[PDB]
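Spelled out from the first residue to the last, the chains are:
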Amino acid sequence: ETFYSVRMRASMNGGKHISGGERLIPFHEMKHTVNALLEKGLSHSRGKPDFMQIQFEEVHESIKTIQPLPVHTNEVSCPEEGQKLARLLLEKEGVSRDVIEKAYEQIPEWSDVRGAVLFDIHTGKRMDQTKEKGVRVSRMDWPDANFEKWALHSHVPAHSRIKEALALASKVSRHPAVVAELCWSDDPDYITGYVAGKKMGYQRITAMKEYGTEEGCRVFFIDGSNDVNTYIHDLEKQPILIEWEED
Amino acid sequence: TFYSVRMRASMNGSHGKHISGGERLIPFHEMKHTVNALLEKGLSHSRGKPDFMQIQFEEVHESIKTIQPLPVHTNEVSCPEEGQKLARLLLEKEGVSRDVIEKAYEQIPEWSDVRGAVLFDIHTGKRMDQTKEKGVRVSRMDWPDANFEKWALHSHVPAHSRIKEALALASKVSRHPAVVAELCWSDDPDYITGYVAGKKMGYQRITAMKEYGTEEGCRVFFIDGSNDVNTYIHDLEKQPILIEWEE
Ligand SMILES: Nc1ncnc2c1ncn2[C@@H]1O[C@H](COP(=O)(O)OC(=O)CCCCCC(=O)O)[C@@H](O)[C@H]1O
Ligand SMILES: Nc1ncnc2c1ncn2[C@@H]1O[C@H](COP(=O)(O)OC(=O)CCCCCC(=O)O)[C@@H](O)[C@H]1O
Ligand SMILES: [Mg+2]
Ligand SMILES: [Mg+2]
Ligand SMILES: [Pt+2]
Ligand SMILES: [Pt+2]
Ligand SMILES: [Pt+2]
Ligand SMILES: [Pt+2]
Ligand SMILES: [Pt+2]
Ligand SMILES: [Pt+2]
């Protein structure tokens, strides 16, 4: 009854990143999961790939189980309104306005980062040295049956895109060096994003960009005296399962 | 357009004891079936269940050469020591000097861990490649099943995919002008038939090359060429070949 990390990446054609996925599962779900990842890479709205890697490996570290972040959905009528709300939420979560503004000026240049960017709240600058690779959070997952119940109860659609985002966001927010996350999709067909943090949980914002744009974003705002490589190793390696508790 | 699809699997981490490997060359619309076949093949291998696996695909741009399989002849022997003796004889008849053969047989035991093939230079009486435990992995060859089944029927050989794969590989490799001979037997404890292959005598199966239950296998290509080893490695890894038999 050991668990397995299963990862996928796909690209078209410096190939254009198409898709990526990370799962953490018991062995008997291997076929379904390899197939799900396969399908997800093949039928992606960003294009059809000519390169793909799928990989699995046994996880030896013990698995921590946590609840998902509390969720609140902020209806907005347009992107400029959502982005404005997001900047306000980041501030209320503890990021200084100047650090936010500095980050927003560089977000456009980070659109091609395949993973996430780490931004130091002390130095007002990018902290990681992974460049276009970014920091890829992995070994987190949310068993589907539990997620469906959570969706039902939370009156949210049971879209796997939400399951994956919230699993990621809950793992990342747990890290003591992470004050906040800002995310929206690089998929032209999906405009909802979020801001997430310990105090205000997972704050969905229903419009963060215009349809048809392919620029997405993932930034983790970091407050830590420790070195960045420690934080990177935690985000990449530490296994997390989400389990929401009905009571 | 065609796609190279590759798999490797190991136990006790990645390349750890090598469990399985596979290489396919297919049109895009056979991707799901082929990813699944490779998955299945790694999961149910007689050498153990893996705790690591990689499956990968990529578009092939080089144009595809189609060739006939090597002529086949089956040598019945009563024991391993006899098959090995016959194999040494066949290698000599194919053009390898006795001294080079003996030198190779002294090293074969330490090469059991090589995940791919070993290249042995007839000019130096020594190993030619610098890949150590990785070895040289031949790929981008395949034999459409329908055609293979006919060939098996007509040749009075069992239509086992293990033979399809070995003969596809041996035919690609023997075509390379710098390859005088190949010596192979399986690293699978349940399969004791091996072969020697070359241009003059084709694909010579030897029905006993080791004792049942041993996991030491072998794959050595004897090289006589005027070029550097990296060229030959690139040819073996990169030249796309489909087998198509005709009477
Ligand atoms: N595992 C990861 N680790 C770090 N960054 C990642 C990871 N996966 C994706 N990213 C980065 O995040 C960017 C966005 O990727 P995507 O998968 O397109 O992101 C989304 O779908 C976000 C959806 C949030 C709203 C869901 C909801 O309705 O509640 C992508 O470009 C990468 O830069
Ligand atoms: N694609 C490759 N490229 C280079 N070396 C390879 C490759 N595939 C396998 N090898 C090497 O060969 C070794 C064993 O390969 P296996 O897949 O175990 O090979 C076999 O089943 C051999 C079949 C013998 C003849 C079949 C028959 O006519 O009845 C393996 O451990 C590697 O070291
Ligand atoms: Mg094989
Ligand atoms: Mg084998
Ligand atoms: Pt493209
Ligand atoms: Pt394309
Ligand atoms: Pt607040
Ligand atoms: Pt083992
Ligand atoms: Pt094992
Ligand atoms: Pt001969």
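A brief report on the enclosed structure follows.

Parameters at a glance
- Residues numbered from 1 in each chain as written, not as in the entry; some residues may be left out.
- Chains lettered and ligands numbered in written order.
- Heavy atoms only, no water.
- Helix = DSSP H or I, 4+ residues; strand = E, 2+ residues; numbered from the N terminus.
- Rg over C-alpha atoms; globule rule 2.2 N^0.38 Å.
- Buried < 20%, exposed > 50% of the residue type's maximum accessible area, 1.4 Å probe, protein only.
- Areas by Shrake-Rupley, 256 points an atom, 1.4 Å probe, with all protein chains shown as cover.
- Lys, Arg positive; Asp, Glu negative; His and termini not counted.
- Charge placed at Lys NZ, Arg CZ, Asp CG, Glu CD.
- Donors = N, O, S within 2.8 Å, 3.2 Å for Na, K, Ca; no water.
- Near = heavy atom within 4 Å.
- Nonpolar A, V, L, I, M, F, W, Y, C, P; charged D, E, K, R; others polar.
- Salt bridge = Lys/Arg side-chain N within 4 Å of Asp/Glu carboxyl O.
- Axes fitted to C-alpha atoms, helices over the stretch in contact; angles between N-to-C directions.
- Parallel < 35°, antiparallel > 145°, perpendicular 65-115°, else oblique.
- Left-handed = near helix turned anticlockwise from the far one by under 90°.
- Contact = heavy atoms within 4.5 Å.

## A short note on the overall build of chain B
Point 1. Secondary structure assignment for chain B yields 6 helices and 13 strands.
Point 2. Over its C-alpha atoms chain B spans a radius of gyration of 17 Å, differing by no more than 12% from the 18 Å that the globule rule assigns to 247 residues.
Point 3. Dimensions of chain B along its principal axes, counting C-alpha atoms only, are 50 × 45 × 40 Å.
Point 4. In chain B, which comprises 247 residues, the share counted as buried stands at 54%.
Point 5. Summed over all atoms, the accessible surface of chain B reaches about 11,600 Å², with 50% contributed by carbon and sulfur.
Point 6. Side-chain charges in chain B split into 32 positive and 38 negative, and the spacing between the mean points of these groups amounts to 2 Å.

## Remarks on the coordination of the magnesium ion (ligand 4)
Residue and element names in this part refer to chain B.
Point 1. Surrounding the magnesium ion (ligand 4) are the protein donor atoms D187 (OD) and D188 (OD), which sit 2.2 to 2.4 Å from the metal.
Point 2. A separation of 5.4 Å is found between the magnesium ion (ligand 4) and the magnesium ion (ligand 3).
Point 3. Exposure remark for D188: the relative accessible area of 7% places this residue in the buried category.

## Quick look at the site of ligand 2
Residue and element names in this part refer to chain B.
Point 1. Taken together, the neighbourhood of ligand 2 is formed by 21 residues, with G116, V138, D187, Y191 and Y203 sitting nearest.
Point 2. Protein burial of ligand 2: of its 700 Å² of free accessible surface, 93% is covered by the chains.
Point 3. Those elements that provide at least two residues to the shell around ligand 2 are α5 (161-175) and β11 (202-206).
Point 4. Counting residues per element, the shell around ligand 2 draws most heavily on α5, which supplies 3 residues.
Point 5. Looking at the shell around ligand 2 residue by residue, the classes come out as 10 nonpolar, 3 polar and 8 charged.

## What to know about the pattern of salt bridges
Point 1. Scanning the model with the defined rule gives 29 salt bridges over all chains in all.
Point 2. Measuring nitrogen to oxygen at the nearest pair gives 2.7 Å for the salt bridge that ties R139(A) to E61(A). Residue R139(A) is found in the loop between β7 (125-126) and β8 (140-141), and its partner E61(A) is found in the loop between β3 (51-58) and β4 (64-66); the two are separated by 78 residues along the sequence.
Point 3. Classification of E61(A) as partly exposed rests on a relative accessible area of 38%.
Point 4. Close ionic contact of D98(A) with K102(A) constitutes a salt bridge, the shortest N to O distance being 3.9 Å. Taken together, the residues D98(A) and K102(A), both in helix α3 (residues 97-106) and 4 residues apart, mark about one turn of the helix.
Point 5. On the basis of relative accessibility, which here comes to 39%, the residue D98(A) falls in the partly exposed class.
Point 6. Exposure remark for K102(A): the relative accessible area of 36% places this residue in the partly exposed category.
Point 7. Overlapping salt bridges, with partners in common, bring together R6(B), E58(B), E62(B) and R140(B) in one network.

## Looking at the packing of helix α2 (residues 79-93) of chain A against α3(A)
Residues and elements named next belong to chain A.
Point 1. Their axes nearest at 9 Å, the elements α2 and α3 cross at an angle of 140 degrees. One way to sum up the angle between α2 and α3 is to call them oblique. By crossing handedness, the relation of α2 to α3 is classed as right-handed. Note on element contacts: α3 touches α2 through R97, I100 and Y104, opposite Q83, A86, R87, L90 and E91.

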